[PDB]
Every structure is written in C-alpha cells, then in structure tokens.
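Student: Here it is, the structure, as structure tokens.
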Amino acid sequence: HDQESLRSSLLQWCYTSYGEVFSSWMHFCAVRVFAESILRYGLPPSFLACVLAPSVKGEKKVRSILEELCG
Amino acid sequence: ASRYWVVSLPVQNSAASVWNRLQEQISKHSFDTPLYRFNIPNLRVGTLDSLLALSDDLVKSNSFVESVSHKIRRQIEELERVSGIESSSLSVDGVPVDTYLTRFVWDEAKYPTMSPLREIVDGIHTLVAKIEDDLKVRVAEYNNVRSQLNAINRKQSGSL
Amino acid sequence: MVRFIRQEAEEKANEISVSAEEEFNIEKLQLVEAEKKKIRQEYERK
Amino acid sequence: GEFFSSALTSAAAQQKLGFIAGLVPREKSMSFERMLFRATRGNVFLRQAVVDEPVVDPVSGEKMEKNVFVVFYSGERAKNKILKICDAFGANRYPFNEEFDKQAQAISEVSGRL
Amino acid sequence: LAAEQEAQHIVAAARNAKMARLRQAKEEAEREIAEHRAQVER
C-alpha cells in the first residue's frame, strides 16, 4: 500500500517535478532562440522562428519557405 | 515523450509572408501548421567569443534537456500511477503546450537572471539539473518502495 | 556583425572602467579612514 | 600574402579577429561554407586559391590539389573550431606574417630553402 | 577593418585614462584628509 501511495502521491510530486522540467525545457528553448539568432544573425537576441510539433508535410512546407536560409 | 522540435530562424530570417508574420497571418495557417512564437529578448548579449561559447554549451544543454525528458517520460509513466499530470498540470512556464510553445516568457527572472545570458544559461542549466536530481531522488524512492513491494506475501499461501 | 562586436567591446571596456573607478573611490575612502585614524593617534600623543 | 590584399579587402567590405592562415584544398570549398556554419556565422571573410599548381604536402613531395588559403577567425572560441576545420582540410598549411611584403619575403625564403 | 579599429587603441585609451580617474580619487582623498587634519589641528 505504501508503494502504491508513493506511485500515486510521491510520484505525484515526481509528476510535478516533471512539469517543472517541462518549464525548464521551455526556458532552454527560449535561450536557444537567442542562440540561433546570434549564430545566424547579429549579436542582440532577436528571433522570428517558431516551435511546435507539426506533421511531415508542414515541416517540408516550412523548409521550402525558408530555403533562403537552408543548412 | 517528445524530443526537441523547434525550428531555427532569426528575426531577419523569418519564413512567413512578412517579417512580423511569424506569430500570426502566416501561410502556415493554410497548411494547418501548429507553429507559434513570441519574442522575449534578454537584456543584453555577449561578444562573438561569448556567442561561440554559448553555442558550444548548447550541446550540453540539449543533452541535459534530453536526459530530463527521458527521466520524466520513463519514471513517471512506468509507475502506472504518475502519468496523471496532464499538459495543463505540467504546463511549461505556467502555460499549457498551446501557449507555452507560443511564447518565450520563461526567460523571466525564475531560471535566468533577465540579464546577459552567457552565465544565465549555465545557471538555468544548473537549476534544471537540480530539478532532474529531485526527480531521480523520487524515482529512487519509488524503486525502494517497489522493493518494499513484492514482500513476504510473495511466498506461498500456507501449507507449502 | 563587426559593428555588434564593436559595441560589445566598448560596453565591456566602459563597464570595466566604471567598476575600476568605483573600486578606486572605495580605496580612497579606506585611505582617508586610515589617515584620520593616524591623525587621531598623533593628536592623542600630542 | 596574396590574401593580405584580397582577404583584407573582403573583410573591410564585410565589416578583434583571429588569423586563419593555412590551407584549404580545391575540394574544401563545401566544407568552408556548408560546414563550420556555427563558427564562421557568415560574418567572416576568406581568400582561397584553386590549387593552380600541385602543392607538395608538408611531409610529402608527391603533391596534390592542395590549395592554400587565409581567412579570419571569429575570436579564439571560434578559432578553436577553425583550427580543427583547417586540420581536416589537410592541405599545405603554414601561417605567414600579416604584412603582405613580410609574407612574400617568407614565401621566397621558404622557396629558396626548398 | 571596422572590427580591428574597434579593438584598436580606442579602448586601450580609456583603459589607460582610468588612471586619470584613479588620480582624481587620490586627489580628493588627499584634500579630504588635509581638511580633516586642519580641522582637528584648529
């Protein structure tokens, strides 16, 4: 019963920590936006990219649009 | 879970119909692409050498993010009772995935210092490492509880 | 590109110079404190 | 030394930086542009040869299409990767003086020694 | 180039002129010490 509670209550705190880790990953993505801005533009942070989880067709269309800055 | 899937384009290299059209009114609406973003620049940026150092450290930052994602997707889900935290409950920077991915408001004073991010990135990485360490401590506690599980009751039911 | 590097170099030099000037002011305050202490000592001796 | 008038003009047109003097073979054009994008970032300028003559290897006289080139490094942090890229190029690489006359004199002295 | 001129004597001039601010701090320190000494002597 204690193991089940830990998987339900202590692991509820683990899920809260997972949400905090998701927040940290969002902050990391925010930092990476400025990192890419510095890498492919001037030093000051300014980005016009986007973050999502699109389908293959949408990613292909985005790459076709952005082929002016292809890798 | 899902690994990183963010696109790479500066302000001067917007792929939308207009430079400011990345957030909305882009051709992505026609293709139903869920892409969204909102600017949140830092107070200042480092030099060229600082930029190169940050780019080098971005690999370690991505590795740490991947480790945190793997831990969150494995330890919580495997317990069969910890995956109850939905996207709203696990909202990134206080906003769900619909809004968290549409803005960079996480660059506020919580993980970074709202300042030149050359060391603020390392500080936020250390904070994320501490969070992952807490998650690993919880996973170890769950493992010890499972060790407490499958106890002497696992033997025969008597007369055996 | 190079103009942004120019601003960073000037900003770093400006901040360093201001910090050095503030440190020199603090050192001067400590120096006048020591001078006042030794002046008090010599006045007490006199 | 040829880059002391070509690469310098290219950098002036494109504009603290490092010296990426060395070499890059005729087949290193892709690696100079497609690769090392993080370090170069597109703000650097370079002058390269097309291996007009077979340049002998630094430890071999058999020679190949080992063109020599001089570029600008985007700081020491980027110069760390620039040195690795130049090593991957593997052509007849040797640093020279910044001055065009001094670089030409060094080239003449090395040719006389050879 | 422009970057070379930026990293040129333009910044080293201020780096060396920080000695002027240091000298001003020393001068004001000496003036304050002399004023305090005059006051206590009086």
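FYI, nothing fancy with the structure tokens labels: chains A, B, ... in order, residues from 1 per chain, ligands from 1 as they appear.
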As a list in words, please: all residues of chain D that backbone DSSP puts in strand (DSSP E or B).
Tutor: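 Answer for chain D, restricted to strand (DSSP E or B): residues 18, 19, 22, 23, 46, 47, 48, 55, 56, 57, 60, 61, 62, 63, 64, 68, 69, 70, 71, 72 and 73 of chain D.
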Student: Determine which residues of chain A sit within 6 Å of chain B, taking into account only C-alpha atoms, and present them as a count of residues only.
Tutor: 27
Student: Of the residues E:17, E:38, E:7, E:33, which is the one nearest to chain D, using only C-alpha atoms?
Tutor: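 Checking each candidate against chain D, we get E:7 as the closest.
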Student: What are the residues of chain C lining chain D at 9 Å or less? Count only C-alpha atoms, and put the answer as a PyMOL selection string.
Tutor: chain C and resi 1-3+5-6+9
Student: Any chance you can output those residues with C-alpha atoms as a PDB file, in the first residue's frame?
Tutor:
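The resulting file, selection-v8.pdb, is reproduced below:
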```
ATOM      1  CA  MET C   1      28.399  41.613 -37.483  1.00  0.00           C
ATOM      2  CA  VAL C   2      31.524  43.672 -36.783  1.00  0.00           C
ATOM      3  CA  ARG C   3      29.514  46.679 -35.546  1.00  0.00           C
ATOM      4  CA  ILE C   5      31.309  43.270 -31.847  1.00  0.00           C
ATOM      5  CA  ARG C   6      32.364  46.924 -31.653  1.00  0.00           C
ATOM      6  CA  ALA C   9      33.962  45.665 -26.790  1.00  0.00           C
TER       7      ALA C   9
END
```
Student: Residue 18 (chain E): which residues within 9 Å, counting only C-alpha atoms, same-chain residues fewer than 6 positions away excluded, as a VMD selection string?
Tutor: chain C and resid 17 to 18 20 to 21
Student: Would you put the residues from that selection into a file with C-alpha atoms, as a PDB file, in the first residue's frame?
Tutor:
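So result37.pdb came out as:
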```
ATOM      1  CA  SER C  17      36.467  51.314 -16.292  1.00  0.00           C
ATOM      2  CA  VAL C  18      33.440  52.324 -14.198  1.00  0.00           C
ATOM      3  CA  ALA C  20      37.668  50.290 -11.528  1.00  0.00           C
ATOM      4  CA  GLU C  21      36.765  53.908 -10.741  1.00  0.00           C
TER       5      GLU C  21
END
```
Student: If the cut-off is 12 Å, can you tell me the residues of chain D near chain B, counting only C-alpha atoms? I'd like them as a ChimeraX atom specification.
Tutor: /D:16-18,36-41,43-44,73-82
Student: What parts of chain A does DSSP call alpha helix (DSSP H)? I'd like the answer as a count of residues only.
Tutor: 44
Student: Restrict the distance test to only C-alpha atoms, flag each residue of chain E within 6 Å of chain D, and return the flagged residues as a list in words.
Tutor: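 Close enough to count are residues 1, 2, 3, 4 and 7 of chain E.
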Student: What would the file look like if the residues just selected were written as a PDB file, in the first residue's frame with C-alpha atoms?
Tutor:
```pdb
ATOM      1  CA  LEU E   1      38.544  46.511 -40.871  1.00  0.00           C
ATOM      2  CA  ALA E   2      35.862  48.053 -38.663  1.00  0.00           C
ATOM      3  CA  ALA E   3      36.255  45.316 -36.041  1.00  0.00           C
ATOM      4  CA  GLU E   4      40.032  45.821 -35.981  1.00  0.00           C
ATOM      5  CA  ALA E   7      39.615  46.534 -30.947  1.00  0.00           C
TER       6      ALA E   7
END
```
Student: Any idea what the distance is between CA of residue 30 (chain D) and CA of residue 83 (chain D)?
Tutor: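 CA of residue 30 (chain D) sits 16.6 Å away from CA of residue 83 (chain D).
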Student: Residues of chain E no more than 9 Å from chain C, counting only C-alpha atoms: send them over as a PyMOL selection string.
Tutor: chain E and resi 1-7+10-12+14-15+17-19+21-23+25-26+28-30+32-33+36-37+40-41
Student: When you look at residue 59 (chain D) with a cut-off of 12 Å (counting only C-alpha atoms), what residues show up, excluding the ones that are within fewer than 4 positions of it in the same chain? I need them as a PyMOL selection string.
Tutor: chain D and resi 55+63+90-93
